[PDB]
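As structure tokens, one chain now follows by itself in the form deposited in one PDB entry.
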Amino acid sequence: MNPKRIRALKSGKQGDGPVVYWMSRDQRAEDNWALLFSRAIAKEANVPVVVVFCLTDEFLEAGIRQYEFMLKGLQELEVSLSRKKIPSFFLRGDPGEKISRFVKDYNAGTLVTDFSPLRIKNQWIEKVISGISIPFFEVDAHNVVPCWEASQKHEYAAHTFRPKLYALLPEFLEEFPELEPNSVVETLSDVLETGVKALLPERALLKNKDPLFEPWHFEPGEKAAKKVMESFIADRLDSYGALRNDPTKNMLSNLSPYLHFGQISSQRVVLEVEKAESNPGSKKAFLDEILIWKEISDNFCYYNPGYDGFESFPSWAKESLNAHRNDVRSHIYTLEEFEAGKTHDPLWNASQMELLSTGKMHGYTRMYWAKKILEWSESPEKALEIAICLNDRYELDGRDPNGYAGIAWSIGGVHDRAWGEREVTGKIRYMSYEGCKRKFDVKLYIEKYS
């Protein structure tokens, strides 16, 4: 195991109790580096390993679609973890008070947690460090190359982050070792019942008092991601590089909700893809999305504290947008109109309806749905707020570094370039509705999501 995957957050007095793994971003038993790093340090200490998950108070900021998808996987994870004699403990409340009290009550020896560059995670780490006296480590279990090792600074483009991540693939793209089993605070069903009950008033309903979310598209679970990845390699991998810009076809891997919650490892997906025989043009297209653009999103959120603000934009984009702030917008809609899909664009309305109904809108339409927010907002800062709101609320893969890096590109050209100067939008890359008609059947995408 590579010691570059682990980092030291706080040196402390080594206890004699079980090494506690604070699982958060990577909710899986297989291909979890942090779970394997926590098992080896537990073996060297002749002490059992225990995992802990914190159901935070901010779960009401999302919806039932994210609460049910994440809990259903944990109901499956508790079984698999018990098959290796690893008990799981699910605390409900603030991590700063729950982790520090659990470590003290159980005489923990070492604390381990997965890596997440989001601001809400660094908020929890700041609180737990002030109330613990044992060693505290963090492990990058999400990225193939550790986020602090792929680059020591923010990469302004994909062509400059590609040769750094690819040159480090021969060292970090490796097979996973077996999760050795151990030598020897309520039911998750009750947390789902009471949690959904508090989320029913804010459930996305239609006019007929019926909900919008269709929860039969992506079944959750670690075994569920096993079948989705196998179905993509066998059926959709050969045709990926040619129909990934066509939202009328379901030609994507559909692994993003399993990737966000950590129910599947991107390293495991790359391993099976790299050994699969298919079109080299389609293989390069998928690896560039799951390796480059995915791990550069963690690069954007790690080295830019204001990743969700106007200040993280490139210097050319801030000057371009500022030079067009006072331009008369074509039309201005409110958050309630963008949320209900009540605009003058049927293609945009169809992209919002797919976001409302499935919780996973096509990748190409995500670029159109977010850029049109900037064209129909009072200011770039308002377009950022509206885009991040509708993304984090309805996307099953929402509240992920991929979203903020994808939103900062549509509204601020992050990891892009300067194009022709237009009004309102400035030099940000513009995508027209007529340009989408010559790209795919827009009429089929609209009629599909009435």
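The first residue of the shown sequence is 1; numbering continues from there. Residues that one form lacks are left out of the comparison. So that the term is clear: the rigid core is the largest set of C-alpha atoms that superpose within 1.5 Å between two forms.
One more form of this protein exists, namely the form deposited in another entry; it is left out here, but the text below deals with it.
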query	finding
Single mover in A204, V270, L91, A224, with Cα shift of 2 Å or more between the shown form and the other one when the core is superposed	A204
Large Cα move at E311 between the shown form and the other one, threshold 2 Å, rigid core	no
Rigid core superposed: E175 CA moves 2 Å or more between the shown form and the other one	no
C-alpha of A108 off by 2 Å or more between the shown form and the other one on rigid core	no
Cα-Cα shift for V191 and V50, closer or farther in the other form, minimum 3 Å	closer
In the other form, whether the C-alpha atoms of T194 and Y67 sit closer or farther than here (change of 3 Å or more)	farther
Runs in sequence order between the shown form and the other one, three or more residues long, with CA shifts of 2 Å or more on the rigid core	59-61, 185-210
